[PDB]
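Both counts, for ligands and for their atoms, begin at 1 and track the order of listing. In what follows, every chain begins at residue 1, and chains take the letters A, B, ... in the order their sequences are listed. Side chains are part of it too, since the values below use all heavy atoms of this structure and drop only hydrogens, waters and symmetry mates.
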Number of protein chains: 2
Amino acid sequence: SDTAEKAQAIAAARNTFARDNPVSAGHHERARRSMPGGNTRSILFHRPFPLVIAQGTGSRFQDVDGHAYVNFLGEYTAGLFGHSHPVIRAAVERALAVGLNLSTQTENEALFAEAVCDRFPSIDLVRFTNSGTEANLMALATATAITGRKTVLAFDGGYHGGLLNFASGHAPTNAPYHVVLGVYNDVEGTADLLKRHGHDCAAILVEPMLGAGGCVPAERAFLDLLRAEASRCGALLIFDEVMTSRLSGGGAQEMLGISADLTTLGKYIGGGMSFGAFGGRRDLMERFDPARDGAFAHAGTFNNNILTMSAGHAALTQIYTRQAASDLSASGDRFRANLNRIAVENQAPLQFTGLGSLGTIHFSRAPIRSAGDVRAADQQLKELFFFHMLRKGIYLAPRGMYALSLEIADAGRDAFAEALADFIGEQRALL
Amino acid sequence: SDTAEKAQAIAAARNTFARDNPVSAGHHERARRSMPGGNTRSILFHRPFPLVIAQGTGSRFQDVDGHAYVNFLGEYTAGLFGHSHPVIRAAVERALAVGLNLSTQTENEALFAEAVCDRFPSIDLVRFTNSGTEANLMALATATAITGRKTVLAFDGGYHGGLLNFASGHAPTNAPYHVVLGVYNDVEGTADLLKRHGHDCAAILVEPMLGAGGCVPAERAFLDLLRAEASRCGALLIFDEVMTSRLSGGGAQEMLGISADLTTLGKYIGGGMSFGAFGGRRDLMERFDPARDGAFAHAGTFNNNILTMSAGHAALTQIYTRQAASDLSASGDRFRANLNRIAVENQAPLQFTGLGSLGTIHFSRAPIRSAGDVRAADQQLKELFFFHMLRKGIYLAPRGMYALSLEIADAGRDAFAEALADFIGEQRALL
Ligand SMILES: Cc1ncc(COP(=O)(O)O)c(CN[C@@H](CC(=O)O)c2ccccc2)c1O
Ligand SMILES: Cc1ncc(COP(=O)(O)O)c(CN[C@@H](CC(=O)O)c2ccccc2)c1O
């Protein structure tokens, strides 16, 4: 499906971006001297070079060349509060007043843990980590240590952190858990794998919607299979809700009425501060009670850091309440529906998939149900879309994902929709 | 070596602590409802229950019962700046002004990376993570992916993070890397292991001084063996300098004139914000250049977060300069020497081991060279010491470790020394 016409368009788009952004280009050359590819977070890199941002307030930011954008990326769902939320700021100020690096417990960690347990229906007890990666690693540590088993079932296209990256199948850098990969949403194939491996299965690890892998919702039949089979064979079902937890007050599990044995959390819950968490069934999580004989150990210098504890409690109780989550997801559904309406109205061979305030463009009108479907959609048009949106002052992920923050308003949503319509018109010959 | 007299003393000490701290006791009972054992960082727990701290400024903090302490723990070496450092505060303010969760690169990450590369002599390129745990996992990911080998040599008593905890040998929660454990400082035994396993050795992972494992310096012969054997067999030598990096401007490697292939960093370098890093030889780290064919992936939501980037650059360039590191280590050496002088003057069967500003008490006058030596020292007296120091308004780790912050001054050092002398006098019958 790769064509020379599209490759020529991409070359032209990259060239225009380069010409537009010489200050960012200068930054990149300098950054390469201290970091591999001038990079410390792989997903931030794109050709010909990434933007460097100077400053941002609310939903807007400005690059080092002075161009302004509305930020539709929202820190891959962590940046729910925009760039300068006054309640987050107040929480940071309160944290400084309590004191940094106090080397001890404060009440703030307990208050934050209570806020998490209150709203997530399957989390009876929780522990905080410093990232979604650590949360998922600790969930696997819990499952393997409790069951004494080695096999982990996960899914092709699934992303669970820097050491558990299955976005393109097995990565040589992944931690060497014995992972068997299924096809997302594939009931019969997955049922077969669970017949074969169920006996040695410590855990099933699954996102209720592929996040990085394309905003691909799980189907109920698929999740029902995993819940029934985990219970049958004695594996722990782990829902990775690092992204999906935002979709309702109680995440995907509240929406579905399906409870995982363990749940991992990340992104926005710490108020935009470093954050992850793992929690779940009381009888599983109690294995970490340090007063218990044979307790599992889980240290971590910054687990209880005052900034995350303070900003996280503010995030859940003062800003993104359960009602706020319902409201934002409804807003996101209307937004996604409008984008899809624009595509249909214009006979465009594209769609936006997702749930609530999360969505990704795919250049296909086939059902998008697994990693294979995402990969089969037109990747060249996806790149062209990214550069087009940038030229229109709209910033979203290179991979075509948006994650609406609470600061996105009518003006931003209107601008996105108009820019989409303009893309369809201007790139008609390639569509 | 356990006696009933010491057990009775411990029971009495725990009872006195409980009576002194009923508000902390009340907090603990509530915390148990949301976190396993009311805990989110295992090392913070101790019997009968841990203190809850209300507030701190500089080197001092106050518990929820109103008692004041000087903080000699210093966040297990991360809390180098005390509780309210004005330069860290200024950096946090600057970070808020730049904007939170900007979803893009800023110049701040490059400036911070430059500061790291400038002072650490074996780090040609660096990438930031969210914890020392992630840094060490990524170092192992790098070594195994580059070499195509599976075996990792590490050491009994070694601590490399929540998924790489060898403090008490193999932990069932550890990530399932194929780890072979040697005895720290054991040249002949380790040489034997490297003859057996060298061919399949992806990495040797070692702290230049056991940190959590007792502030036990590595001997030069031991480190020379590892450097020679890693080079001979093609394994990557990884120095875990998460704690030791503070000991000079260029960490232990500058002090030793031995260069590791990869170095991991953590703790204070991010200004007390969430932080880890892995760096090392250019040709190894370039494998992460995202523009390269077959690049290794290393994402992480908070890797480049503006608070860590800002406070970290301030930490290294405005506060804890290379000269500041030399000065603090010299201060720490004088402090440790004074503690040891007090022990010798009083014929006390105890010593403080360590380097620079890091030290741990051991109730033995035997050489402390490996995990076995630390474990063989009197553990009951160690517990008694912790409670004694608390009663004197001096806070250090339950395990008897201090990590001097830049805010520790004459008054605090004098109080510690006097409290040590008082312990020796008051507990004479047990010594
Ligand atoms: C579903 C999911 N689970 C875990 C993670 C890991 O969380 P941390 O990044 O906090 O360790 C993630 C992270 N998604 C982001 C990470 C980023 O660098 O923004 C990501 C990763 C790869 C591609 C796109 C986005 C999840 O999403
Ligand atoms: C030498 C060393 N390497 C790695 C780590 C892991 O760093 P993170 O805690 O940032 O993931 C550490 C951590 N040491 C502390 C952790 C804490 O919770 O304070 C620790 C752990 C266990 C016992 C005592 C101190 C290293 O020290």
Candidate pair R399(B) and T360(B), rule side chain to side chain donor-acceptor pair (under 3.5 Å), full reasoning: CA-CA 8 Å; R399(B) 77 188 52 210; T360(B) 297; over 6 Å; no

Rounded distance [0.5 Å steps], CG in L236(A) versus CD1 in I204(A): 9.5 Å

Distance (rounded to the nearest 0.5 Å) between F61(A) CZ and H83(A) NE2: 6.0 Å

Best match, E134(A), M243(A), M209(A), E241(A): closest heavy atom to atom 27 (O) of ligand 1: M243(A)

Separation between CE of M309(A) and CZ of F275(A), rounded to the nearest 0.5 Å: 7.0 Å

Residue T133(A) vicinity, atoms of ligand 1 by number, heavy atom under 4.0 Å: 6 (C), 7 (O), 8 (P), 11 (O)

Evaluation steps, side chain to side chain contact (heavy atoms under 4.5 Å, CB included), between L153(B) and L205(B): CA-CA 6 Å; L153(B) 175 65; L205(B) 177 62; over 6 Å; no

Heavy-atom proximity to atom 17 (C) of ligand 2, best of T301(A), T77(B), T129(B): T301(A)

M401(A) and ligand 1 - part of the residue with a heavy-atom distance under 4.0 Å: neither

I43(B) and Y76(B): CA distance, side-chain angles, deciding distance, side chain to side chain contact (heavy atoms under 4.5 Å, CB included) verdict: CA-CA 10 Å; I43(B) 198 175; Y76(B) 288 97; 3.2 Å; yes

Closest approach of any protein heavy atom to atom 21 (C) of ligand 2, naming residue and atom: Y159(B) CE2, 3.4 Å

Sub-4.0 Å heavy-atom approach of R399(A) to ligand 1: yes

For atom 23 (C) of ligand 2, the protein heavy atom that lies nearest, with its residue and separation: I43(B) CD1, 3.1 Å

Under 3.5 Å donor-acceptor, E241(A) side chain and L265(A) backbone: no

Which of the ligand 2 atoms, numbered from 1, are nearer than 4.0 Å to a heavy atom of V242(B): 2 (C), 3 (N), 4 (C), 5 (C), 12 (C), 26 (C)

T301(A) side chain to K267(B) side chain, donor-acceptor N/O pair below 3.5 angstrom: yes

Under 4.0 Å to a heavy atom of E207(A) - the qualifying atoms of ligand 1, by number: 1 (C)

Residue portion contacting ligand 1 (non-hydrogen atoms closer than 4.0 Å) for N136(A): side chain

Numbering as shown, the atoms of ligand 1 that approach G132(A) to under 4.0 Å (heavy-atom distance): 6 (C), 7 (O), 8 (P), 10 (O), 11 (O)

Gap between atom CZ of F166(B) and atom CG of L164(B) - 0.5 Å precision: 5.0 Å

Test item: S405(A) side-chain N/O and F81(A) main-chain N/O as donor-acceptor pair under 3.5 Å: no

Atoms in ligand 1 with a heavy atom of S131(A) nearer than 4.0 Å: 10 (O), 11 (O)

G300(B): numbered ligand 1 atoms lying under 4.0 Å from its heavy atoms: 9 (O), 17 (C), 18 (O)

Residue pair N130(A) / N303(A), side-chain donor-acceptor N/O under 3.5 Å: yes

Under 4.0 Å to a heavy atom of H160(A) - the qualifying atoms of ligand 1, by number: 3 (N), 4 (C)

Region of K267(A) that comes within reach of ligand 1 [heavy atoms, distance under 4.0 Å]: side chain

Atoms of ligand 1, numbered as shown, that sit under 4.0 Å from any heavy atom of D240(A): 1 (C), 2 (C), 3 (N), 4 (C)

For ligand 1, the portion of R41(A) having any non-hydrogen atom under 4.0 Å away: side chain

